[PDB]
Amino acid sequence: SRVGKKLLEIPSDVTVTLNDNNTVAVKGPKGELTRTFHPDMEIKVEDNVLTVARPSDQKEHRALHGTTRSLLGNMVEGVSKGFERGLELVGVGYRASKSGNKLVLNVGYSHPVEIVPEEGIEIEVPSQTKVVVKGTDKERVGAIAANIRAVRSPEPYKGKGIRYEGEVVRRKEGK
Amino acid sequence: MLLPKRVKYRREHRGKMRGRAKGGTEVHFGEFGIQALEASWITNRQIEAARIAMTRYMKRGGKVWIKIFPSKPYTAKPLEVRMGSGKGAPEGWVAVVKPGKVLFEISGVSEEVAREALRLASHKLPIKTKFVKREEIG
Amino acid sequence: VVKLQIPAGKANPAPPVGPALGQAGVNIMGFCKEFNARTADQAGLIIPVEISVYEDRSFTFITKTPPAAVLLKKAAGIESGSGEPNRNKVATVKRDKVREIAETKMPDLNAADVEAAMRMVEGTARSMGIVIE
Amino acid sequence: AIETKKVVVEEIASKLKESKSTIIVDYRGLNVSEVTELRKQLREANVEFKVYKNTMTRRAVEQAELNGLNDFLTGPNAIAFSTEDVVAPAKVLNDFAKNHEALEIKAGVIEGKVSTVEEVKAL
Amino acid sequence: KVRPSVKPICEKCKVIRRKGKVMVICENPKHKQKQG
RNA sequence: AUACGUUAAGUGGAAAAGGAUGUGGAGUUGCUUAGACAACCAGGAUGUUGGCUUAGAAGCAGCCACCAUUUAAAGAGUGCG
């Protein structure tokens, strides 16, 4: 019935520092993160279990308390399993291939398209259709996924450019 | 569209509204009825605008009730005419209205349809209004 | 699986069957003899037939009874029912006559019991406006 | 809550006279798959068989408190209880087993129910 | 569209205030609305 | 300044019909550890589109008698089709 009261197990190996005030430097094989935390929140570390508690039932605190747990769960999973977001290109002549760390995109614009990933992020291209942006940061992987989407806004009339897998673009009837 | 067959005088004083309604505050002829929160003049055309809105949405159903028959003329001097030089002429008619009065009534209608017919009437009427039901202590 | 109302007495021309089952990979020449076989017992009637589609292009078919409530017009003795059922009780039928009708519909009906098969037909007789007596 | 008592008291009346029963998982419970079982009930008997998926631990397990005290282990996750009235046991243990083997709903590897004081292995 | 009296049009519509301005959002683009 | 609160927009320091999961109080009521709202995994009715119809349109031209059974459950129909 509530969000932040729920326990979060650590599968391991993920250590969690408790440095003030308040910075949480999660660490592990995949990477590290330091989410900002205002003092009113109270993070505690049970053995292999992160915990969060609400100072009061006030409505402002009710909103912030449910966010802090969801972020920490996003943090640990990126330090372990990691994250990725597919992108289904659709069309005829559309294609994509890397040139160094940079990701060239042969979008239908006459101007060539290029996007540079930020550090800690890589973009493999297993196929010309699919696109995969691996990364330990959900906020960043979803941001890069948006920036790539920005190159081509989807057309309701026809499947073209970037498209989430899977998602149903609204059908339209031309004439 | 409702006008008197005859009136004793062609014109009358505009008057001064104040206080609770003299009567008719309690709906009973109909299962439900609109009740004004304040008091303001209502032209005859405004009344016709409300009843037409209900007859369409109600479709088949019980007869619309109208507790209020207009009787007080509103004077309307012709445009650009200078002040004084006689009183103007009654362009139309306006019913006196008091707060808490039952402006309209409806009966024999299902509870869902009744909520809407009272609502559309509320928009045609400048006065703020509220949902009302019959009391039976009783 | 594509259901169709192939006539019992005939099965060969393209426009009733043809491409519509021919795109299913069905071998039309080999089954038309089968439609004329078992359905010969009820010739002159339009018999619906379910058609399952196996991956191996093997096929097995299941014939069905002629459509319900058409029989009700016969038991009533009237060619057509009221356009205003219950409000206009044009016809009446005995409960025992309904028993003769429900038994014919048994292979088509999914009804668990003959007593339940009665109640199924009773909902059809009311559609005609016919009184149940 | 009076309606819930009808859910309880009636099913207990069957279990007091019950002979045999079998575990059935509710996952992927297609309606067509149910009809294939329901037609089998029409052969074995009529309305006497019961499908009732009232399988809450707070529900059916309380019915098991009087008799059949082996349902406590089978209680977690989806269940589809069955009850017999008359009908000498035989095919009922066998018919459902044949269905799950040909797709259509996981059998749960037959957790088993009352017969003696045992669980697994339909006969 | 922008109207002072934004209202839901269909069940899919949802009322969500944003930046001090109430906005109704729906799977159908036409039903999207903002007051003020 | 003291004490109990309220307000977040600069309202305070500019109006209205109307609109809104803004927020603080009060009351009434449905369901609810013989199980609630969220879900995530299950299935969607059987004769049947059923009567009257429009070329045909079967959950749906629309007007309706809109029936009873299979039952853990489902309207001969909530909806996008």
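Restricting attention to region E:24-36, which residues are more than 16 Å from A:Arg170 (Cβ to Cβ) and either within 8 Å of RNA strand F (Cβ to nearest atom) or within 9 Å of the chain's Cα centre (by Cα) (or both)? Before you say what the answer is, go through the steps one by one.
Initial filter on region E:24-36 (more than 16 Å from A:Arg170 (Cβ to Cβ)): E:24, E:33-36.
Selection gives E:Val24, E:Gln33, E:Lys34, E:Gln35.
Please go through region B:117-138 and give me each residue that is away from every other protein chain (no Cβ under 14 Å) and either away from RNA strand F (no atom under 16 Å from the Cβ) or free of Cβ contacts under 8 Å to residues at least 60 places away in the same chain (or both), ordered by number.
Looking only at region B:117-138, we keep the residues that are away from every other protein chain (no Cβ under 14 Å), and these are B:117-118, B:120-121, B:124-138.
Answer for region B:117-138, where residues must be away from every other protein chain (no Cβ under 14 Å) and either away from RNA strand F (no atom under 16 Å from the Cβ) or free of Cβ contacts under 8 Å to residues at least 60 places away in the same chain (or both): B:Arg134, B:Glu136, B:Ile137, B:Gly138.
Are there strands (runs of 3 or more DSSP E) fully within region A:46-109 with at least 3 residues that are assigned by CATH to the domain that holds A:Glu32? List them.
Working: elements: A:49-53, A:95-99, A:102-106.
Filter on region A:46-109 gives A:49-53.
As an exercise: evaluate D:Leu38 against (1) within 14 Å of the chain's Cα centre (by Cα); (2) within 14 Å of chain C (Cβ to nearest Cβ); (3) under 22 Å from D:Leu123 (Cβ atoms) and give the number of the one condition it does not meet.
(3)
Of these, C:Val121, C:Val53, C:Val114, C:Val90, which one is more than 10 Å from RNA strand F (Cβ to nearest atom) and not assigned by CATH to the domain that holds C:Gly9? First the steps, then the outcome.
Numbers: C:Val121 fails: more than 10 Å from RNA strand F (Cβ to nearest atom); C:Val53 fails: not assigned by CATH to the domain that holds C:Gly9; C:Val114 fails: more than 10 Å from RNA strand F (Cβ to nearest atom).
Among C:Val121, C:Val53, C:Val114, C:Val90, only C:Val90 is more than 10 Å from RNA strand F (Cβ to nearest atom) and not assigned by CATH to the domain that holds C:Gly9.
When you scan region A:4-45, how many residues do you find that are of a type in the set (D, E, K, R) and assigned to a strand (DSSP E or B)?
Keep residues of region A:4-45 that are of a type in the set (D, E, K, R), which gives A:5-6, A:9, A:13, A:20, A:27, A:30, A:32, A:35, A:40, A:42, A:44.
Still in the list and also assigned to a strand (DSSP E or B): A:9, A:35, A:42, A:44.
Here the count works out to 4.
So for region B:39-50 (the condition being within 12 Å of B:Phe104 (Cα to Cα), among the aliphatic types (A, V, I, L, M), touching a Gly at 6+ places or on another chain (Cβ under 9 Å) and crowded, with 17+ Cβ neighbours inside 10 Å), does at least one residue qualify?
no
Kindly check whether there is at least one residue in region A:151-172 that is away from chain E (no Cβ under 14 Å), within 13 Å of the chain's Cα centre (by Cα) and not small (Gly, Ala, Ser).
First, pick out the residues of region A:151-172 that are away from chain E (no Cβ under 14 Å): A:151-152, A:158-166.
Narrowing further to those that are within 13 Å of the chain's Cα centre (by Cα): none.
No - not one qualifying residue is present in region A:151-172.
Only one residue in D:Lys6, D:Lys20, D:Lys50 is at negative phi and touching a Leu at 6+ places or on another chain (Cβ under 9 Å). Which one?
Of the residues listed, the single one that is at negative phi and touching a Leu at 6+ places or on another chain (Cβ under 9 Å) is D:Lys20.
Applying the selection to region A:75-94, what residues are hydrophobic (A, V, I, L, M, F, W, C) and buried (at least 16 other Cβ atoms within 10 Å of the Cβ)?
First, pick out the residues of region A:75-94 that are hydrophobic (A, V, I, L, M, F, W, C): A:75-76, A:79, A:83, A:87, A:89-90, A:92.
The answer is A:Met75, A:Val76, A:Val79, A:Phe83, A:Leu87, A:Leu89.
Quick one: would you say A:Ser1 is within 16 Å of RNA strand F (Cβ to nearest atom), more than 30 Å from A:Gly161 (Cβ to Cβ), among the small types (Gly, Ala, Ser) and assigned to a loop (DSSP other than H, G, I, E, B)? Give the steps one after another, and end with the answer.
Working: within 16 Å of RNA strand F (Cβ to nearest atom): yes; more than 30 Å from A:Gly161 (Cβ to Cβ): yes; among the small types (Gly, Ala, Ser): yes; assigned to a loop (DSSP other than H, G, I, E, B): yes.
So A:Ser1 passes the test.
Criterion first (under 30 Å from C:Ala116 (Cβ atoms) and more than 11 Å from the chain's Cα centre (by Cα)) does D:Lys121 satisfy it? Break it down into steps so the answer makes sense when it comes.
Values: under 30 Å from C:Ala116 (Cβ atoms): no; more than 11 Å from the chain's Cα centre (by Cα): yes.
Answer is no for this residue.
Counting just the residues of region D:41-88 that are within 14 Å of chain C (Cβ to nearest Cβ) and without any contact (Cβ under 8 Å) to a residue 12 or more places away in the chain, which one comes out nearest to D:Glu104 (Cα to Cα)?
Result: D:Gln41.
Within region C:68-84, does at least one residue satisfy the condition of being closer than 22 Å to C:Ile47 by Cα and within 14 Å of chain D (Cβ to nearest Cβ)?
no
So, in region D:22-35, how many residues would count as being more than 6 Å from RNA strand F (Cβ to nearest atom), within 16 Å of the chain's Cα centre (by Cα) and part of a helix (DSSP H, G or I)?
Qualifying residue count, region D:22-35: 2.
Under the condition of being near RNA strand F (Cβ under 10 Å from one of its atoms) and under 18 Å from A:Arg170 (Cβ atoms), which residue from region E:1-23 is nearest to the other protein chains (Cβ to nearest Cβ)?
Filtering first and then ranking leaves E:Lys12.
Numbers and lists here come from the model and the stated rules, or from a named source; nothing here is a laboratory result. So basically every Cβ, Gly included, is an ideal-geometry build from the backbone, and we count neighbours across all protein chains shown.
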